[PDB]
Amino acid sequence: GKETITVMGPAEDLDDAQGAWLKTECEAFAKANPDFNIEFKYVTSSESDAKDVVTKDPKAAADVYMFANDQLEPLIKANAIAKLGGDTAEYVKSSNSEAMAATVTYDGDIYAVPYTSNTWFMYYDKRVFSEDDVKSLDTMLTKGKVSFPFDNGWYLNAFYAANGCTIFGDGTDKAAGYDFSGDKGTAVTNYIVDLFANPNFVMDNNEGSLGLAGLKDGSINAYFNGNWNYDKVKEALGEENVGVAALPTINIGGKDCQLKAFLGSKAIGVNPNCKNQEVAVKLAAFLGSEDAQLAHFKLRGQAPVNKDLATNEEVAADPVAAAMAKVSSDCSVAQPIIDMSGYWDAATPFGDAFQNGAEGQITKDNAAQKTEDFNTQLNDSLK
């Protein structure tokens, strides 16, 4: 009489054509734990959507699930994610950097097992740009076609952070609120208005299918996205043409400013409603184990977060793992775990309003107004 454990992860981890990592590792877990009498059912969902799927009704949701760490506070407030202790918590602390362990730590307790770092970087066509070119977005625009997903808040902030705008201070001070106000914010809005008015700029869509299609077309030669699309980018450009870089500078009023991505993690969480917590917690530990992370790298090129795999020669040589590490050290801010719901929501219509012909289009003439409107909406969402 097998007990069913329901596990949720993205399509790519359930796709046989990509080695179905999640199924493969669940089966390995079962083989390693003969004392458990279990079978698996799988629910396909992007880590980006996990909060929405689970918090709607945690008791109806999967027992074990893969999510993005910025979702942690909403999951906790929904009683949708179990605190982890014991060997599992110890592994999260011992096998990760301090910042990666912090991605899943709330009020001093560990709530999930990281399996990869979570950030974004630049894919580009080596036929169009040199290594030197891609150090500057402005240089890039003179040589070829550049895209950016401006209606996706996870990407938008990099431009505002570049000029000293802040979210919760350093990211950990709720009392600091949002600060996108003033000339520092308007200067960034003006830069983005100019970008949209640049005929070598093409807005990417929210989840980046437009950019991917553009790379294949040649209509887009630079794509800001992540590790999950590595194989598709290789398909679009041809692997000898794929360049991978950390983030460029943008020139605001004569000053080179560094774009800064969010850096968080993707992790495995346990549903408190799972009827076998022993199995669920051990499975989460297994899915984030060293062996499992190495398999994620070999089966579909996903970069490990486990610091012991950093010295694996194949990992260290991987262009995406290397870019992600450079974004971590040089081009990022730590992903807040203070809930950013109001920002994720406001970011999308704000980004969309830059488009030529948009309702309430952001322009040079109204940039300051629109910037304050945005700052005001962000802070209102905290009241």
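Quick note: we count residues from 1 along the sequence shown, nothing fancier.
- Mean C-alpha B-factor is higher over 32-40 than over the other stretch, the pair under comparison being 32-40 and 62-70.
- When 237-245 is weighed against 224-232, 237-245 comes out higher, by mean CA B-factor as recorded in the entry.
- The residue among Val327, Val54, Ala317, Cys26 whose C-alpha carries the highest B-factor in the deposited model is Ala317.
- Comparing C-alpha B-factors across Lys282, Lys184, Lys135, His296 in the deposited entry, the largest value falls on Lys135.
- Split the chain's modelled residues into thirds by C-alpha temperature factor. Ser94 is in the middle one.
- Among the modelled residues of its chain, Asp339 has a C-alpha B-factor that falls in the middle third according to the deposited record.
- For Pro349, the recorded CA B-factor ranks within the middle third of the chain. Only modelled residues enter the ranking.
- Looking at the C-alpha B-factors along this chain, the one for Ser46 belongs to the middle third.
- Per-chain ranking of the deposited C-alpha B factor places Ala368 in the lowest third.
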